[PDB]
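Chemist: Provided below: final-v2.pdb, containing PDB, C-alpha atoms and all ligand atoms.
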ATOM      1  CA  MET A   1     -26.721-102.969 -13.654  1.00  0.00           C
ATOM      2  CA  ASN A   2     -28.644-103.120 -10.384  1.00  0.00           C
ATOM      3  CA  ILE A   3     -32.021-102.204  -8.929  1.00  0.00           C
ATOM      4  CA  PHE A   4     -31.064 -98.571  -8.434  1.00  0.00           C
ATOM      5  CA  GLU A   5     -29.931 -98.025 -11.927  1.00  0.00           C
ATOM      6  CA  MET A   6     -32.851 -99.961 -13.255  1.00  0.00           C
ATOM      7  CA  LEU A   7     -35.373 -97.863 -11.399  1.00  0.00           C
ATOM      8  CA  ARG A   8     -33.539 -94.633 -12.173  1.00  0.00           C
ATOM      9  CA  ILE A   9     -33.971 -95.520 -15.808  1.00  0.00           C
ATOM     10  CA  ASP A  10     -37.650 -96.394 -15.426  1.00  0.00           C
ATOM     11  CA  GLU A  11     -38.626 -93.411 -13.253  1.00  0.00           C
ATOM     12  CA  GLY A  12     -36.355 -90.552 -14.335  1.00  0.00           C
ATOM     13  CA  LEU A  13     -35.338 -87.788 -11.971  1.00  0.00           C
ATOM     14  CA  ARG A  14     -37.348 -84.577 -11.419  1.00  0.00           C
ATOM     15  CA  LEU A  15     -36.550 -81.955  -8.819  1.00  0.00           C
ATOM     16  CA  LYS A  16     -39.836 -80.148  -8.927  1.00  0.00           C
ATOM     17  CA  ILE A  17     -43.266 -81.582  -8.012  1.00  0.00           C
ATOM     18  CA  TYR A  18     -44.742 -83.236 -11.126  1.00  0.00           C
ATOM     19  CA  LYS A  19     -47.691 -85.491 -12.010  1.00  0.00           C
ATOM     20  CA  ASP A  20     -46.985 -89.091 -12.722  1.00  0.00           C
ATOM     21  CA  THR A  21     -48.509 -91.242 -15.456  1.00  0.00           C
ATOM     22  CA  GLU A  22     -51.634 -91.547 -13.330  1.00  0.00           C
ATOM     23  CA  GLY A  23     -51.787 -87.805 -12.723  1.00  0.00           C
ATOM     24  CA  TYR A  24     -50.583 -88.008  -9.071  1.00  0.00           C
ATOM     25  CA  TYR A  25     -48.141 -85.589  -7.525  1.00  0.00           C
ATOM     26  CA  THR A  26     -44.711 -87.055  -7.374  1.00  0.00           C
ATOM     27  CA  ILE A  27     -41.167 -85.799  -7.067  1.00  0.00           C
ATOM     28  CA  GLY A  28     -37.652 -87.090  -7.443  1.00  0.00           C
ATOM     29  CA  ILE A  29     -37.174 -90.632  -8.606  1.00  0.00           C
ATOM     30  CA  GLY A  30     -40.763 -91.710  -8.690  1.00  0.00           C
ATOM     31  CA  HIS A  31     -41.569 -90.799  -5.099  1.00  0.00           C
ATOM     32  CA  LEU A  32     -45.380 -90.521  -4.859  1.00  0.00           C
ATOM     33  CA  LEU A  33     -46.386 -87.713  -2.644  1.00  0.00           C
ATOM     34  CA  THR A  34     -50.108 -87.971  -2.621  1.00  0.00           C
ATOM     35  CA  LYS A  35     -53.094 -89.200  -4.525  1.00  0.00           C
ATOM     36  CA  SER A  36     -54.884 -86.098  -3.482  1.00  0.00           C
ATOM     37  CA  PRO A  37     -55.728 -83.648  -6.147  1.00  0.00           C
ATOM     38  CA  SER A  38     -54.390 -80.702  -4.099  1.00  0.00           C
ATOM     39  CA  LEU A  39     -50.968 -79.242  -4.762  1.00  0.00           C
ATOM     40  CA  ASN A  40     -50.901 -77.868  -1.262  1.00  0.00           C
ATOM     41  CA  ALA A  41     -51.494 -81.222   0.187  1.00  0.00           C
ATOM     42  CA  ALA A  42     -48.637 -82.354  -2.030  1.00  0.00           C
ATOM     43  CA  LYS A  43     -46.374 -79.569  -0.870  1.00  0.00           C
ATOM     44  CA  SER A  44     -47.186 -80.386   2.745  1.00  0.00           C
ATOM     45  CA  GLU A  45     -46.369 -84.053   2.264  1.00  0.00           C
ATOM     46  CA  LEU A  46     -43.178 -82.994   0.577  1.00  0.00           C
ATOM     47  CA  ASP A  47     -42.029 -80.772   3.435  1.00  0.00           C
ATOM     48  CA  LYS A  48     -42.840 -83.459   5.932  1.00  0.00           C
ATOM     49  CA  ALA A  49     -40.783 -86.036   3.984  1.00  0.00           C
ATOM     50  CA  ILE A  50     -37.782 -83.729   3.582  1.00  0.00           C
ATOM     51  CA  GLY A  51     -37.972 -82.078   6.944  1.00  0.00           C
ATOM     52  CA  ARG A  52     -37.938 -78.438   5.680  1.00  0.00           C
ATOM     53  CA  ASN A  53     -39.855 -75.859   3.871  1.00  0.00           C
ATOM     54  CA  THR A  54     -39.136 -76.888   0.310  1.00  0.00           C
ATOM     55  CA  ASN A  55     -41.496 -74.824  -1.683  1.00  0.00           C
ATOM     56  CA  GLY A  56     -41.961 -77.811  -4.049  1.00  0.00           C
ATOM     57  CA  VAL A  57     -38.319 -78.104  -5.037  1.00  0.00           C
ATOM     58  CA  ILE A  58     -35.613 -80.408  -3.671  1.00  0.00           C
ATOM     59  CA  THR A  59     -32.018 -81.006  -4.400  1.00  0.00           C
ATOM     60  CA  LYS A  60     -30.442 -84.069  -6.076  1.00  0.00           C
ATOM     61  CA  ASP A  61     -29.146 -85.341  -2.797  1.00  0.00           C
ATOM     62  CA  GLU A  62     -32.623 -85.109  -1.203  1.00  0.00           C
ATOM     63  CA  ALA A  63     -34.036 -86.963  -4.156  1.00  0.00           C
ATOM     64  CA  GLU A  64     -31.466 -89.722  -3.807  1.00  0.00           C
ATOM     65  CA  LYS A  65     -32.210 -89.944  -0.188  1.00  0.00           C
ATOM     66  CA  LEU A  66     -35.937 -90.554  -0.761  1.00  0.00           C
ATOM     67  CA  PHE A  67     -35.031 -93.078  -3.395  1.00  0.00           C
ATOM     68  CA  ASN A  68     -32.787 -95.012  -0.995  1.00  0.00           C
ATOM     69  CA  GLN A  69     -35.540 -94.983   1.506  1.00  0.00           C
ATOM     70  CA  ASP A  70     -38.118 -96.125  -0.976  1.00  0.00           C
ATOM     71  CA  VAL A  71     -36.018 -99.015  -2.324  1.00  0.00           C
ATOM     72  CA  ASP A  72     -35.296-100.205   1.147  1.00  0.00           C
ATOM     73  CA  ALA A  73     -38.979-100.066   2.067  1.00  0.00           C
ATOM     74  CA  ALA A  74     -40.034-102.012  -1.003  1.00  0.00           C
ATOM     75  CA  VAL A  75     -37.703-104.824  -0.333  1.00  0.00           C
ATOM     76  CA  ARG A  76     -38.624-104.920   3.330  1.00  0.00           C
ATOM     77  CA  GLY A  77     -42.277-104.904   2.341  1.00  0.00           C
ATOM     78  CA  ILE A  78     -41.840-107.896   0.078  1.00  0.00           C
ATOM     79  CA  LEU A  79     -40.062-109.807   2.898  1.00  0.00           C
ATOM     80  CA  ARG A  80     -42.902-109.041   5.256  1.00  0.00           C
ATOM     81  CA  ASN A  81     -45.593-110.168   2.878  1.00  0.00           C
ATOM     82  CA  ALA A  82     -46.598-113.788   3.237  1.00  0.00           C
ATOM     83  CA  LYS A  83     -47.813-113.942  -0.321  1.00  0.00           C
ATOM     84  CA  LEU A  84     -44.762-112.358  -1.803  1.00  0.00           C
ATOM     85  CA  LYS A  85     -41.840-113.576   0.170  1.00  0.00           C
ATOM     86  CA  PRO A  86     -41.854-117.143  -0.918  1.00  0.00           C
ATOM     87  CA  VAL A  87     -41.924-116.109  -4.528  1.00  0.00           C
ATOM     88  CA  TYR A  88     -39.186-113.633  -4.116  1.00  0.00           C
ATOM     89  CA  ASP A  89     -37.062-116.152  -2.191  1.00  0.00           C
ATOM     90  CA  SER A  90     -37.378-118.497  -5.106  1.00  0.00           C
ATOM     91  CA  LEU A  91     -36.003-116.082  -7.670  1.00  0.00           C
ATOM     92  CA  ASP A  92     -32.498-115.452  -8.881  1.00  0.00           C
ATOM     93  CA  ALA A  93     -30.873-112.011  -8.288  1.00  0.00           C
ATOM     94  CA  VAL A  94     -31.865-110.448 -11.652  1.00  0.00           C
ATOM     95  CA  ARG A  95     -35.456-111.488 -11.344  1.00  0.00           C
ATOM     96  CA  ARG A  96     -35.628-110.257  -7.791  1.00  0.00           C
ATOM     97  CA  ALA A  97     -34.822-106.810  -9.184  1.00  0.00           C
ATOM     98  CA  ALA A  98     -37.822-107.065 -11.578  1.00  0.00           C
ATOM     99  CA  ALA A  99     -39.976-107.996  -8.574  1.00  0.00           C
ATOM    100  CA  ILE A 100     -38.797-104.941  -6.645  1.00  0.00           C
ATOM    101  CA  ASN A 101     -39.451-102.731  -9.656  1.00  0.00           C
ATOM    102  CA  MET A 102     -43.069-103.827  -9.788  1.00  0.00           C
ATOM    103  CA  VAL A 103     -43.669-103.288  -6.087  1.00  0.00           C
ATOM    104  CA  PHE A 104     -41.970 -99.884  -6.214  1.00  0.00           C
ATOM    105  CA  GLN A 105     -44.319 -98.924  -8.977  1.00  0.00           C
ATOM    106  CA  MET A 106     -47.626-100.376  -7.882  1.00  0.00           C
ATOM    107  CA  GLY A 107     -47.320-101.161  -4.270  1.00  0.00           C
ATOM    108  CA  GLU A 108     -47.486-104.434  -2.532  1.00  0.00           C
ATOM    109  CA  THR A 109     -51.118-104.359  -2.870  1.00  0.00           C
ATOM    110  CA  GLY A 110     -51.098-103.723  -6.529  1.00  0.00           C
ATOM    111  CA  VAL A 111     -48.802-106.696  -7.011  1.00  0.00           C
ATOM    112  CA  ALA A 112     -50.585-108.982  -4.640  1.00  0.00           C
ATOM    113  CA  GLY A 113     -53.296-109.042  -7.449  1.00  0.00           C
ATOM    114  CA  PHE A 114     -51.013-110.855  -9.908  1.00  0.00           C
ATOM    115  CA  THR A 115     -51.738-114.167  -8.136  1.00  0.00           C
ATOM    116  CA  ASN A 116     -51.632-116.282 -11.299  1.00  0.00           C
ATOM    117  CA  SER A 117     -48.380-114.766 -12.554  1.00  0.00           C
ATOM    118  CA  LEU A 118     -46.763-115.185  -9.140  1.00  0.00           C
ATOM    119  CA  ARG A 119     -47.506-118.845  -9.169  1.00  0.00           C
ATOM    120  CA  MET A 120     -46.030-119.205 -12.639  1.00  0.00           C
ATOM    121  CA  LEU A 121     -42.907-117.388 -11.614  1.00  0.00           C
ATOM    122  CA  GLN A 122     -42.631-119.532  -8.557  1.00  0.00           C
ATOM    123  CA  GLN A 123     -42.779-122.578 -10.736  1.00  0.00           C
ATOM    124  CA  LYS A 124     -40.191-121.083 -13.118  1.00  0.00           C
ATOM    125  CA  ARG A 125     -42.427-121.249 -16.179  1.00  0.00           C
ATOM    126  CA  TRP A 126     -40.916-118.080 -17.687  1.00  0.00           C
ATOM    127  CA  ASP A 127     -42.606-117.719 -21.025  1.00  0.00           C
ATOM    128  CA  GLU A 128     -45.985-118.436 -19.612  1.00  0.00           C
ATOM    129  CA  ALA A 129     -45.599-115.964 -16.818  1.00  0.00           C
ATOM    130  CA  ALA A 130     -44.512-113.374 -19.367  1.00  0.00           C
ATOM    131  CA  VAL A 131     -47.602-113.923 -21.300  1.00  0.00           C
ATOM    132  CA  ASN A 132     -49.820-113.792 -18.218  1.00  0.00           C
ATOM    133  CA  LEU A 133     -48.119-110.637 -16.872  1.00  0.00           C
ATOM    134  CA  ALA A 134     -49.018-108.817 -20.097  1.00  0.00           C
ATOM    135  CA  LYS A 135     -52.736-109.393 -19.663  1.00  0.00           C
ATOM    136  CA  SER A 136     -53.034-106.521 -17.218  1.00  0.00           C
ATOM    137  CA  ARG A 137     -53.975-102.906 -16.881  1.00  0.00           C
ATOM    138  CA  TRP A 138     -50.321-102.295 -15.886  1.00  0.00           C
ATOM    139  CA  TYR A 139     -49.146-103.456 -19.251  1.00  0.00           C
ATOM    140  CA  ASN A 140     -51.777-101.542 -21.193  1.00  0.00           C
ATOM    141  CA  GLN A 141     -51.086 -98.296 -19.366  1.00  0.00           C
ATOM    142  CA  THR A 142     -47.294 -98.360 -19.276  1.00  0.00           C
ATOM    143  CA  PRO A 143     -46.414-100.675 -22.069  1.00  0.00           C
ATOM    144  CA  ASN A 144     -42.702 -99.793 -22.598  1.00  0.00           C
ATOM    145  CA  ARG A 145     -41.784-100.072 -18.976  1.00  0.00           C
ATOM    146  CA  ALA A 146     -43.853-103.238 -18.525  1.00  0.00           C
ATOM    147  CA  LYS A 147     -42.096-104.740 -21.596  1.00  0.00           C
ATOM    148  CA  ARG A 148     -38.732-104.157 -20.018  1.00  0.00           C
ATOM    149  CA  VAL A 149     -39.734-105.678 -16.678  1.00  0.00           C
ATOM    150  CA  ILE A 150     -41.454-108.599 -18.413  1.00  0.00           C
ATOM    151  CA  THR A 151     -38.368-109.292 -20.522  1.00  0.00           C
ATOM    152  CA  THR A 152     -36.328-109.311 -17.369  1.00  0.00           C
ATOM    153  CA  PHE A 153     -38.496-111.978 -15.771  1.00  0.00           C
ATOM    154  CA  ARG A 154     -38.556-113.895 -19.021  1.00  0.00           C
ATOM    155  CA  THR A 155     -34.831-113.996 -19.545  1.00  0.00           C
ATOM    156  CA  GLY A 156     -33.242-113.496 -16.213  1.00  0.00           C
ATOM    157  CA  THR A 157     -30.875-110.918 -17.876  1.00  0.00           C
ATOM    158  CA  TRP A 158     -30.583-107.121 -18.107  1.00  0.00           C
ATOM    159  CA  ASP A 159     -30.846-107.082 -21.882  1.00  0.00           C
ATOM    160  CA  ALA A 160     -33.955-104.830 -21.873  1.00  0.00           C
ATOM    161  CA  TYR A 161     -31.976-102.272 -19.921  1.00  0.00           C
ATOM    162  CA  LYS A 162     -29.006-102.104 -22.290  1.00  0.00           C
TER     163      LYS A 162
HETATM  164  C1  LIG A 201     -42.562-109.945  -4.948  1.00  0.00           C
HETATM  165  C2  LIG A 201     -42.189-111.245  -5.220  1.00  0.00           C
HETATM  166  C3  LIG A 201     -42.328-111.773  -6.460  1.00  0.00           C
HETATM  167  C4  LIG A 201     -42.835-110.949  -7.436  1.00  0.00           C
HETATM  168  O1  LIG A 201     -43.127-111.190  -8.737  1.00  0.00           O
HETATM  169  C5  LIG A 201     -43.679-110.053  -9.295  1.00  0.00           C
HETATM  170  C6  LIG A 201     -43.832-109.090  -8.364  1.00  0.00           C
HETATM  171  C7  LIG A 201     -43.258-109.628  -7.168  1.00  0.00           C
HETATM  172  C8  LIG A 201     -43.094-109.139  -5.904  1.00  0.00           C
HETATM  173 CL    CL A 202     -41.411 -90.308   3.208  1.00  0.00          CL
HETATM  174 CL    CL A 203     -44.217 -96.916 -20.536  1.00  0.00          CL
END
Spell out the structure here as structure tokens.

Modeler:
Amino acid sequence: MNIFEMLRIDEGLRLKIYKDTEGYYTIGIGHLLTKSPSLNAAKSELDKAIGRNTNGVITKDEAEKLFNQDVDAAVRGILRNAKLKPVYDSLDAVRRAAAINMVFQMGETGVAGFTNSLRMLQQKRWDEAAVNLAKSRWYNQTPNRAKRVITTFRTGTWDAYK
């Protein structure tokens, strides 16, 4: 198991523009196109990201290409964030994957709001962090996914993904 497989499991793969759990236009492997309520705006953003007139549909390869780009950006974003980096540097390889998953999902900003959990993770107090992570909108809105990520930080293993 690795970050790519983990996210592929959490996000699925769709080749046609769709609305995510928050109702925002997305495509591929969880690639957010726009928060705008307009499909046209979404189709424009899509064409711009792919570099062609897509008509709201992309191929598997194009999807995987966006995904590669998005994973890379998440990681790089964590390493550039002064709040995040030190936490991430402190983690083992499995837990780093859980950290990337959360940023991929909610953005660096979204995560930057888990200040108390971050500190717990940094201190390696696993069970407590797990409990704190669960007291969040994130958990209440996407409970099954959150459970898997939370178990990952708790255990340091891929059991939730098997
Ligand atoms: C970067 C570093 C550590 C993290 O813990 C949870 C999210 C996250 C992101
Ligand atoms: Cl893009
Ligand atoms: Cl879920």

Chemist: Please report as a tab-separated table every residue of chain A lying within 10 Å of ligand CL 202 (chain A), along with the nearest atom pair and their distance in Å (one decimal), using only C-alpha atoms and all ligand atoms.

Modeler:
residue	atom	partner	partner_atom	distance
A:31	CA	A:CL202	CL	8.3
A:32	CA	A:CL202	CL	9.0
A:33	CA	A:CL202	CL	8.1
A:45	CA	A:CL202	CL	8.0
A:46	CA	A:CL202	CL	8.0
A:47	CA	A:CL202	CL	9.6
A:48	CA	A:CL202	CL	7.5
A:49	CA	A:CL202	CL	4.4
A:50	CA	A:CL202	CL	7.5
A:51	CA	A:CL202	CL	9.7
A:65	CA	A:CL202	CL	9.8
A:66	CA	A:CL202	CL	6.8
A:67	CA	A:CL202	CL	9.6
A:69	CA	A:CL202	CL	7.7
A:70	CA	A:CL202	CL	7.9

Chemist: Please extract the residues at most 9 Å from ligand CL 203 (chain A), counting all atoms listed in the file, and provide them as an mmCIF file with C-alpha atoms, keeping the file's coordinate frame, using the chain letters and residue numbers of this document.

Modeler:
data_model
loop_
_atom_site.group_PDB
_atom_site.id
_atom_site.type_symbol
_atom_site.label_atom_id
_atom_site.label_comp_id
_atom_site.auth_asym_id
_atom_site.auth_seq_id
_atom_site.Cartn_x
_atom_site.Cartn_y
_atom_site.Cartn_z
ATOM 1 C CA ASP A 10 -37.650 -96.394 -15.426
ATOM 2 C CA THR A 21 -48.509 -91.242 -15.456
ATOM 3 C CA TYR A 139 -49.146 -103.456 -19.251
ATOM 4 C CA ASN A 140 -51.777 -101.542 -21.193
ATOM 5 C CA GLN A 141 -51.086 -98.296 -19.366
ATOM 6 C CA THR A 142 -47.294 -98.360 -19.276
ATOM 7 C CA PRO A 143 -46.414 -100.675 -22.069
ATOM 8 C CA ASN A 144 -42.702 -99.793 -22.598
ATOM 9 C CA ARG A 145 -41.784 -100.072 -18.976
ATOM 10 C CA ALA A 146 -43.853 -103.238 -18.525
ATOM 11 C CA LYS A 147 -42.096 -104.740 -21.596
#

Chemist: Which residue is closest to residue 120 (chain A)? Choose from A:4, A:148, A:153, A:100 and count only C-alpha atoms.

Modeler: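 Nearest candidate to residue 120 (chain A) out of A:4, A:148, A:153, A:100: A:153.
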
Chemist: For the file shown, what are the residues hit by the PyMOL selection byres (((chain A and resi 90) around 12) and not hetatm), laid out as a PyMOL selection string?

Modeler: chain A and resi 84-89+91-96+99+118-124

Chemist: List the residues matched by the PyMOL selection byres (((chain A and resi 30) around 9) and not hetatm) in the displayed structure as a short mmCIF file (atom, residue, chain, number, x, y, z; two decimals) with C-alpha atoms, in the coordinates of the input, ordered by chain and then by residue number.

Modeler:
data_model
loop_
_atom_site.label_atom_id
_atom_site.label_comp_id
_atom_site.auth_asym_id
_atom_site.auth_seq_id
_atom_site.Cartn_x
_atom_site.Cartn_y
_atom_site.Cartn_z
CA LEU A 7 -35.37 -97.86 -11.40
CA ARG A 8 -33.54 -94.63 -12.17
CA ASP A 10 -37.65 -96.39 -15.43
CA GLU A 11 -38.63 -93.41 -13.25
CA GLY A 12 -36.35 -90.55 -14.34
CA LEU A 13 -35.34 -87.79 -11.97
CA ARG A 14 -37.35 -84.58 -11.42
CA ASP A 20 -46.98 -89.09 -12.72
CA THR A 26 -44.71 -87.06 -7.37
CA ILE A 27 -41.17 -85.80 -7.07
CA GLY A 28 -37.65 -87.09 -7.44
CA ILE A 29 -37.17 -90.63 -8.61
CA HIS A 31 -41.57 -90.80 -5.10
CA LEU A 32 -45.38 -90.52 -4.86
CA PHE A 67 -35.03 -93.08 -3.40
CA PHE A 104 -41.97 -99.88 -6.21
CA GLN A 105 -44.32 -98.92 -8.98
#

Chemist: Give me, please, the distance in Å between CA of residue 78 (chain A) and atom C2 of ligand LIG 201 (chain A), quoted to one decimal.

Modeler: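 It comes out at 6.3 Å.
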
Chemist: What would region 95-126 of chain A look like with N, CA and C atoms in place, written as a PDB file, in the frame of the given file?

Modeler:
ATOM      1  N   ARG A  95     -33.996-111.499 -11.427  1.00  0.00           N
ATOM      2  CA  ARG A  95     -35.456-111.488 -11.344  1.00  0.00           C
ATOM      3  C   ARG A  95     -35.933-110.837 -10.108  1.00  0.00           C
ATOM      4  N   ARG A  96     -35.190-110.953  -9.003  1.00  0.00           N
ATOM      5  CA  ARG A  96     -35.628-110.257  -7.791  1.00  0.00           C
ATOM      6  C   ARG A  96     -35.723-108.746  -8.065  1.00  0.00           C
ATOM      7  N   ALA A  97     -34.791-108.228  -8.862  1.00  0.00           N
ATOM      8  CA  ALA A  97     -34.822-106.810  -9.184  1.00  0.00           C
ATOM      9  C   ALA A  97     -36.108-106.437  -9.917  1.00  0.00           C
ATOM     10  N   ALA A  98     -36.555-107.294 -10.842  1.00  0.00           N
ATOM     11  CA  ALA A  98     -37.822-107.065 -11.578  1.00  0.00           C
ATOM     12  C   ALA A  98     -38.989-107.054 -10.583  1.00  0.00           C
ATOM     13  N   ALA A  99     -38.933-107.929  -9.583  1.00  0.00           N
ATOM     14  CA  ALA A  99     -39.976-107.996  -8.574  1.00  0.00           C
ATOM     15  C   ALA A  99     -40.020-106.714  -7.742  1.00  0.00           C
ATOM     16  N   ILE A 100     -38.851-106.173  -7.417  1.00  0.00           N
ATOM     17  CA  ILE A 100     -38.797-104.941  -6.645  1.00  0.00           C
ATOM     18  C   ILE A 100     -39.343-103.777  -7.483  1.00  0.00           C
ATOM     19  N   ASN A 101     -38.948-103.760  -8.761  1.00  0.00           N
ATOM     20  CA  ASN A 101     -39.451-102.731  -9.656  1.00  0.00           C
ATOM     21  C   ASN A 101     -40.980-102.662  -9.651  1.00  0.00           C
ATOM     22  N   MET A 102     -41.628-103.814  -9.764  1.00  0.00           N
ATOM     23  CA  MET A 102     -43.069-103.827  -9.788  1.00  0.00           C
ATOM     24  C   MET A 102     -43.692-103.330  -8.480  1.00  0.00           C
ATOM     25  N   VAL A 103     -43.127-103.734  -7.372  1.00  0.00           N
ATOM     26  CA  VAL A 103     -43.669-103.288  -6.087  1.00  0.00           C
ATOM     27  C   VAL A 103     -43.420-101.782  -5.921  1.00  0.00           C
ATOM     28  N   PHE A 104     -42.272-101.275  -6.350  1.00  0.00           N
ATOM     29  CA  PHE A 104     -41.970 -99.884  -6.214  1.00  0.00           C
ATOM     30  C   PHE A 104     -42.998 -99.065  -6.983  1.00  0.00           C
ATOM     31  N   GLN A 105     -43.381 -99.586  -8.108  1.00  0.00           N
ATOM     32  CA  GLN A 105     -44.319 -98.924  -8.977  1.00  0.00           C
ATOM     33  C   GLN A 105     -45.758 -99.003  -8.532  1.00  0.00           C
ATOM     34  N   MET A 106     -46.215-100.177  -8.169  1.00  0.00           N
ATOM     35  CA  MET A 106     -47.626-100.376  -7.882  1.00  0.00           C
ATOM     36  C   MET A 106     -47.978-100.737  -6.472  1.00  0.00           C
ATOM     37  N   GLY A 107     -46.994-100.838  -5.622  1.00  0.00           N
ATOM     38  CA  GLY A 107     -47.320-101.161  -4.270  1.00  0.00           C
ATOM     39  C   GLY A 107     -47.594-102.616  -4.114  1.00  0.00           C
ATOM     40  N   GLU A 108     -47.386-103.023  -2.902  1.00  0.00           N
ATOM     41  CA  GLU A 108     -47.486-104.434  -2.532  1.00  0.00           C
ATOM     42  C   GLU A 108     -48.850-105.002  -2.738  1.00  0.00           C
ATOM     43  N   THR A 109     -49.753-104.083  -2.677  1.00  0.00           N
ATOM     44  CA  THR A 109     -51.118-104.359  -2.870  1.00  0.00           C
ATOM     45  C   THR A 109     -51.366-104.590  -4.315  1.00  0.00           C
ATOM     46  N   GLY A 110     -50.921-103.625  -5.109  1.00  0.00           N
ATOM     47  CA  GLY A 110     -51.098-103.723  -6.529  1.00  0.00           C
ATOM     48  C   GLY A 110     -50.610-105.072  -7.040  1.00  0.00           C
ATOM     49  N   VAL A 111     -49.440-105.464  -6.565  1.00  0.00           N
ATOM     50  CA  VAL A 111     -48.802-106.696  -7.011  1.00  0.00           C
ATOM     51  C   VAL A 111     -49.462-107.954  -6.508  1.00  0.00           C
ATOM     52  N   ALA A 112     -49.929-107.875  -5.276  1.00  0.00           N
ATOM     53  CA  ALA A 112     -50.585-108.982  -4.640  1.00  0.00           C
ATOM     54  C   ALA A 112     -51.747-109.518  -5.492  1.00  0.00           C
ATOM     55  N   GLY A 113     -52.210-108.702  -6.472  1.00  0.00           N
ATOM     56  CA  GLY A 113     -53.296-109.042  -7.449  1.00  0.00           C
ATOM     57  C   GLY A 113     -52.848-109.808  -8.741  1.00  0.00           C
ATOM     58  N   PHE A 114     -51.577-110.113  -8.819  1.00  0.00           N
ATOM     59  CA  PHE A 114     -51.013-110.855  -9.908  1.00  0.00           C
ATOM     60  C   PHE A 114     -50.817-112.329  -9.460  1.00  0.00           C
ATOM     61  N   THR A 115     -51.762-112.814  -8.704  1.00  0.00           N
ATOM     62  CA  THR A 115     -51.738-114.167  -8.136  1.00  0.00           C
ATOM     63  C   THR A 115     -51.346-115.265  -9.118  1.00  0.00           C
ATOM     64  N   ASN A 116     -51.978-115.269 -10.279  1.00  0.00           N
ATOM     65  CA  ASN A 116     -51.632-116.282 -11.299  1.00  0.00           C
ATOM     66  C   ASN A 116     -50.196-116.175 -11.843  1.00  0.00           C
ATOM     67  N   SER A 117     -49.721-114.953 -12.070  1.00  0.00           N
ATOM     68  CA  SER A 117     -48.380-114.766 -12.554  1.00  0.00           C
ATOM     69  C   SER A 117     -47.357-115.198 -11.507  1.00  0.00           C
ATOM     70  N   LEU A 118     -47.664-114.864 -10.250  1.00  0.00           N
ATOM     71  CA  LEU A 118     -46.763-115.185  -9.140  1.00  0.00           C
ATOM     72  C   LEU A 118     -46.536-116.677  -9.092  1.00  0.00           C
ATOM     73  N   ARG A 119     -47.607-117.388  -9.206  1.00  0.00           N
ATOM     74  CA  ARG A 119     -47.506-118.845  -9.169  1.00  0.00           C
ATOM     75  C   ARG A 119     -46.659-119.385 -10.304  1.00  0.00           C
ATOM     76  N   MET A 120     -46.816-118.800 -11.505  1.00  0.00           N
ATOM     77  CA  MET A 120     -46.030-119.205 -12.639  1.00  0.00           C
ATOM     78  C   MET A 120     -44.574-118.892 -12.424  1.00  0.00           C
ATOM     79  N   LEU A 121     -44.301-117.746 -11.849  1.00  0.00           N
ATOM     80  CA  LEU A 121     -42.907-117.388 -11.614  1.00  0.00           C
ATOM     81  C   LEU A 121     -42.271-118.359 -10.580  1.00  0.00           C
ATOM     82  N   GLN A 122     -43.091-118.663  -9.583  1.00  0.00           N
ATOM     83  CA  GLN A 122     -42.631-119.532  -8.557  1.00  0.00           C
ATOM     84  C   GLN A 122     -42.270-120.868  -9.140  1.00  0.00           C
ATOM     85  N   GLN A 123     -43.062-121.292 -10.099  1.00  0.00           N
ATOM     86  CA  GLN A 123     -42.779-122.578 -10.736  1.00  0.00           C
ATOM     87  C   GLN A 123     -41.736-122.503 -11.818  1.00  0.00           C
ATOM     88  N   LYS A 124     -41.196-121.267 -12.090  1.00  0.00           N
ATOM     89  CA  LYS A 124     -40.191-121.083 -13.118  1.00  0.00           C
ATOM     90  C   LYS A 124     -40.650-121.345 -14.565  1.00  0.00           C
ATOM     91  N   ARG A 125     -41.914-121.110 -14.832  1.00  0.00           N
ATOM     92  CA  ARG A 125     -42.427-121.249 -16.179  1.00  0.00           C
ATOM     93  C   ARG A 125     -42.349-119.842 -16.822  1.00  0.00           C
ATOM     94  N   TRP A 126     -41.140-119.445 -17.232  1.00  0.00           N
ATOM     95  CA  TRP A 126     -40.916-118.080 -17.687  1.00  0.00           C
ATOM     96  C   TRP A 126     -41.760-117.510 -18.809  1.00  0.00           C
TER      97      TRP A 126
END
